[PDB]
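Bear in mind these aren't lab numbers, they're just calculated from the coordinates by the rules spelled out. Quick reminder, even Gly has a Cβ in these numbers, built from the backbone with ideal geometry, and neighbours come from all protein chains shown.
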Amino acid sequence: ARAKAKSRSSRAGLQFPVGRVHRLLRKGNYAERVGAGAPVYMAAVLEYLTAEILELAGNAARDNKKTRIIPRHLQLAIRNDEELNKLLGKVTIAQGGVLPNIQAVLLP
Amino acid sequence: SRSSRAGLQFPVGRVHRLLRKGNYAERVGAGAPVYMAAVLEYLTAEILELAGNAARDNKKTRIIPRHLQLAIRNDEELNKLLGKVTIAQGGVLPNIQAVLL
Amino acid sequence: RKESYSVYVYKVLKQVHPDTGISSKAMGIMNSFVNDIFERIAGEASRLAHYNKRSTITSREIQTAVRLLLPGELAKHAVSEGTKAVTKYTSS
Amino acid sequence: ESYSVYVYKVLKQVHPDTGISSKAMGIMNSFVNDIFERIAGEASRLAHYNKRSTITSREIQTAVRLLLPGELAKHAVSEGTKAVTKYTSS
Amino acid sequence: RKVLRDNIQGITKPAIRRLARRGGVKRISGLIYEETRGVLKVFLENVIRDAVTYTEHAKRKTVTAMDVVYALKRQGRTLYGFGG
Amino acid sequence: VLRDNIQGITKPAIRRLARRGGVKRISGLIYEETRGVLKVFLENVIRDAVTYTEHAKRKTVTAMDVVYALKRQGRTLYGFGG
Amino acid sequence: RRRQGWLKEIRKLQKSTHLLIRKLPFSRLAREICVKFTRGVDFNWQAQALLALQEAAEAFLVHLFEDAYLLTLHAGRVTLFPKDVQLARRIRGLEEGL
Amino acid sequence: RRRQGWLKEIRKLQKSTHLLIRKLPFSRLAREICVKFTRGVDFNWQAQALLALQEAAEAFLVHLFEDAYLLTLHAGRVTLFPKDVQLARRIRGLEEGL
Amino acid sequence: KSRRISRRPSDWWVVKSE
DNA sequence: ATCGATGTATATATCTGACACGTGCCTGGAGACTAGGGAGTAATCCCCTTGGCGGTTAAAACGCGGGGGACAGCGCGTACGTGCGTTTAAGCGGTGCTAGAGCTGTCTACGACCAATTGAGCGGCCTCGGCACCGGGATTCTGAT
DNA sequence: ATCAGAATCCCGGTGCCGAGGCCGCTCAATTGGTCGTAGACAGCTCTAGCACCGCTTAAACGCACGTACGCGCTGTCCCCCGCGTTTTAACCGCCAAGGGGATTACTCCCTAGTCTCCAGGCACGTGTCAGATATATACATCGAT
């Protein structure tokens, strides 16, 4: 008596589950009432941010001739690009080596 | 007369309404606003006692916010609790590094 | 209308000091200090009850939040001051 | 539950041939759960300061403009507004 | 009055000197003033923008004191005395 | 005989920590000093994490409780949260 | 002849508690920074808001100078240099220095 | 006889990503400091918890050393001194250094 | 695409003019 | 500026266990519909901001001299990196035990929800005194001697 | 040591306005009672942390050495700080216009809620290939000459 259940992530053109973040906003107790179009915005911005760090991680993994993203590559991707870095300034990546710096002291 | 029952001064009723309306969690237990008003009353009484000593040292019967800054930053624990706050109209603590002699 | 904490700060000042008075700007300082400390304690209790799948801010949660927030001996008296209030409150 | 399937989907969309280690999948899995936490925690008290009880799309837009710095704001605020209209469109 | 001074140079050299004397500093170099007027500006550039966004989220046009103290509490510097 | 546990943090270990940070030459007084610092940083985290275990009924320290203590102190750790 | 007048100057200013930068030029500076993000429209300011912003800026600058002067004594000299202020901002952190 | 071997040591260690303090003495230290707050009773530790704690202590110590080295180069010397580590904690803040 | 372009300014952090 | 051996890069094979994909099952997401109230919107008021003028007045600006402070150089000494030989405890692996996490089932005491009642707290109004300011005098340092 | 000259401290006097007390109003706290359900509790089970043992070996420790580097001293040079004079413009006081914050009322669309259905996403299994690793070779190179 109904149509095929097109999920709401499909009708918005995204990959992140809008139903899941809708349930997380409701049960999270952030506010008493959650709007309709608000979790779609949340899923689109999470999709854009994860696509950004995965793109930088892939570019940082290609030049090391490795075809599999390990956490060292995510540290290089995060620390190299400053706009992301300020957002993640507080976080520490587990098993992430410090970006190579010699502090400009060497023999001529 | 909830405050009288627990022998406090801060009203547990207004913090009960603030706990429910604040939307921190779906339910609020009965002991929570009693405990909350008690700990707020103790913290306020301790900082106002140190401010009262700081106002008595300058021979003033009126607490100005400069005294609140002095009573906060002379205490080694409230300085940890209120580390990242700034008191409006509050002077810096009188320190100096290089001795003249 | 308008809610504040001005009368309770004044009452506890008259309780701990007999005659010293408080200027209205310092009343606003304490009126914001209480509204900040309460928000930090209730925020800690909300995420702490949420970590354990509990929907209730029970007195255990305020006890663990005040032990997690107030540093050093400020905790050790306040957790003494809270429970002495609750045990009297169940005396009614 | 987790977010592991969607990180894999976005990775296969951006790079065809790359793969992601299990620990790095756990990194991204905690990262999503942190950024969503900070954005929704901002939008909660933004709704609370103005005596509103609903989180509308204006609140997520102003919370992401409060949190994400610089050009990462100006792209993502597009990506929401490009998305939500399409959601109303269908 | 007759001529207009630079708007950015709203902080005079004795004013910055008086700030550093309140900071317990003995002696000031001459090159501080071309840079501390930089480091003040970026501070306001961080704070004021956040406050405007708060005023932008409501329909209101004027920035109140509550929106500046909210813009400072979110950044980390709680300001007591006006909020409330 | 058994040494104090803090002295198990060797001079090779502290040196290998400092070489990662870019330090070229290290004084001899560092080896006593940072053994104190690593103590105090470990005292602050565990005193939260044990508290996070005490509030729950569980009597052992889960990995989630340490990452919760680090997010409470402000240095949030990734990897084991989810 | 009055030598070391900085000692009485500092002892006077640390005792005092009023705001130090003049009100009207600080108001013109904040209204200058305001107009660049409102894409042409002007905003008004409540009279308490500009005082709040001036209190916060003064407190942040006196913290920055008290952090920089420890580095100035650390380098063995007495006069504050802008490399010390840039280093104190480089070392305070990402949300503590800016 | 190998001169300037510190440069090869640094360039090897910054490339590597494994943990640098040994696992078992770190577990003995963490279990020793654990028993002081449990009012005498003993606790168990999850195997992931000690790994997460050692990663946290590792990252914080390498950041404290790379911040103190900035002050050493600021003081015009090369050798790291403990007064610089104490000053870097005294400048990062009350809950950033402690 | 016109995605954000990461320059490498002399300042480690964003103080002025990105 | 050449030669050696030490390190670095690269090229090969080899093996392994972690990844990716496939299957199967199910609980959470979607579809449809309702009922009610939160919020959007329009109308109105009056507070608070803006703006401009005159008139003072501290404070800023400018210039000058001198001293004291940064900085470069050098010599002395010492403390830390390096190398070598020796020794220890970290680490693998393997085996056994059980305490305790974790799940499930029950039942009740607790807390939301609602209607009626009233006084504690808020707004305004006042009045007076604590504090700011000032002027004279008393003492106590401080640079000049 | 010796000094007057500032400088500080105190002290009686005025004054004013902001704190504190009082009054009246009203809406939010309290009381009583019912409903349902989250959580306390108890029981049961199966993982995972703990303990131990034994063998390997890479890592730690110690001790001698040498030389790079902290640090104290000196000398020159310069750039702030104090001080006097001039000049600006911030500040106070005033009024006048109006923009927009804030309030109230009306209506309706949106969202919580329930029921009912099924597939996207979970766990589990299993084959395979990326990557670690060992070994050989080619090449840069830094120290001695």
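Among residues of region C:1-27 that are more than 15 Å from B:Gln9 (Cβ to Cβ) and without any contact (Cβ under 8 Å) to a residue 60 or more places away in the chain, those with a beta-carbon under 7 Å from a residue that is aliphatic (A, V, I, L, M) and part of a loop (DSSP other than H, G, I, E, B) at least six positions away or on a different chain give the pairs C:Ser23/B:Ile64; C:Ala26/B:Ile64. Restricting region A:8-20 to residues that are in contact (Cβ under 8 Å) with a residue 24 or more places away in the chain and within 21 Å of D:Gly41 (Cβ to Cβ), the residue that is surrounded by the fewest Cβ atoms within 10 Å (Cβ to Cβ) is A:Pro17. Sub-7 Å Cβ pairs linking a first residue in region A:25-54 that is without any contact (Cβ under 8 Å) to a residue 60 or more places away in the chain to a second residue that is basic (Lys, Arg), at least 6 apart or interchain, are A:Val34/A:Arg26, ordered by first then second residue. If the condition is being within 14 Å of chain A (Cβ to nearest Cβ), within 15 Å of the chain's Cα centre (by Cα) and within 29 Å of H:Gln86 (Cα to Cα), then region F:55-82 contributes F:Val66, F:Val67, F:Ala69, F:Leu70, F:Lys71, F:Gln73, F:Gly74, F:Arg75, F:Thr76, F:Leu77. The helices (runs of 4 or more DSSP H) falling completely within chain D that include 3 or more residues that are within 14 Å of chain F (Cβ to nearest Cβ) map to D:4-14, D:22-49. Of all residue pairs spaced 6 or more apart or on separate chains, those with beta-carbon atoms under 6 Å, a first member in region E:3-24 that is more than 30 Å from G:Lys15 (Cα to Cα) and a second member that is more than 11 Å from DNA strand K (Cβ to nearest atom) are E:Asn7/G:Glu32. Report yes if F:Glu43 is more than 12 Å from DNA strand K (Cβ to nearest atom), more than 14 Å from the chain's Cα centre (by Cα) and surrounded by fewer than 19 Cβ atoms within 10 Å (Cβ to Cβ), otherwise no. Taking the combined requirement at face value, the residue does not satisfy it. Inspection of region E:28-47 finds no residue satisfying the criterion of being more than 14 Å from G:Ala68 (Cβ to Cβ) and not in a helix (DSSP H, G or I). Considering the conditions (1) at the interface with chain D (Cβ under 7 Å from one of its Cβ atoms); (2) more than 10 Å from DNA strand J (Cβ to nearest atom); (3) acidic (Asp, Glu), A:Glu52 is excluded by exactly one of them, (1).
Inside region G:52-91, residues that are among the aliphatic types (A, V, I, L, M), touching a helix residue (DSSP H, G or I) at 6+ places or on another chain (Cβ under 8 Å) and more than 19 Å from E:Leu31 (Cβ to Cβ) make up a count of 7.
Of all residues in region H:46-81, those being within 15 Å of DNA strand J (Cβ to nearest atom), over 26 Å from H:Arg28 (Cα atoms) and not hydroxyl-bearing (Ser, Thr, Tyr) number 9.
Taking region E:35-54 as the search range and keeping residues that are facing chain G (nearest Cβ under 8 Å) and over 15 Å from G:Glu32 (Cα atoms), which one is nearest to DNA strand J (Cβ to nearest atom)? Checking each candidate, the answer is E:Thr36. Of the residues making up region D:6-51, those that are farther than 21 Å from A:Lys66 by Cβ and more than 16 Å from the chain's Cα centre (by Cα) are D:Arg45, D:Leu46, D:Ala47, D:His48, D:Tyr49, D:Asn50, D:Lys51.
Of the residues making up region B:12-22, none is within 13 Å of the chain's Cα centre (by Cα), farther than 30 Å from H:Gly93 by Cβ and not basic (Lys, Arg).
Of all the numbered requirements in (1) of a type in the set (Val, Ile, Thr); (2) touching a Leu at 6+ places or on another chain (Cβ under 6 Å); (3) more than 16 Å from DNA strand J (Cβ to nearest atom), H:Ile91 misses one, and that requirement is (2). From the residues in region A:28-42 that are more than 7 Å from chain D (Cβ to nearest Cβ) and either more than 20 Å from D:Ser90 (Cα to Cα) or crowded, with 22+ Cβ neighbours inside 10 Å (or both), which one is farthest from DNA strand K (Cβ to nearest atom)? It comes out as A:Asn29.
Across region A:63-108, which residue is farthest from the other protein chains (Cβ to nearest Cβ) among those that are part of a helix (DSSP H, G or I) and over 20 Å from H:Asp67 (Cα atoms)? Result: A:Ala77. Within the set B:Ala45, B:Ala25, the sole residue that is at the interface with chain C (Cβ under 8 Å from one of its Cβ atoms) and buried (at least 22 other Cβ atoms within 10 Å of the Cβ) turns out to be B:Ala25.
Among the residues in region E:54-75, are any touching a residue at least 24 places away in the same chain (Cβ under 8 Å), more than 18 Å from G:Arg28 (Cα to Cα) and of a type in the set (A, V, I, L, M)? Scanning region E:54-75 turns up at least one residue that is touching a residue at least 24 places away in the same chain (Cβ under 8 Å), more than 18 Å from G:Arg28 (Cα to Cα) and of a type in the set (A, V, I, L, M). Screening chain H for helices (runs of 4 or more DSSP H) wholly inside it with 2 or more residues that are surrounded by fewer than 13 Cβ atoms within 10 Å (Cβ to Cβ) returns the ranges H:5-15, H:23-34. Of all the numbered requirements in (1) in contact (Cβ under 8 Å) with a residue 24 or more places away in the chain; (2) away from DNA strand K (no atom under 12 Å from the Cβ); (3) closer than 27 Å to H:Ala52 by Cα, A:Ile93 misses one, and that requirement is (1). For the criterion of being closer than 30 Å to A:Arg79 by Cβ, more than 9 Å from DNA strand K (Cβ to nearest atom) and at the interface with chain E (Cβ under 10 Å from one of its Cβ atoms), G:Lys36 fails.
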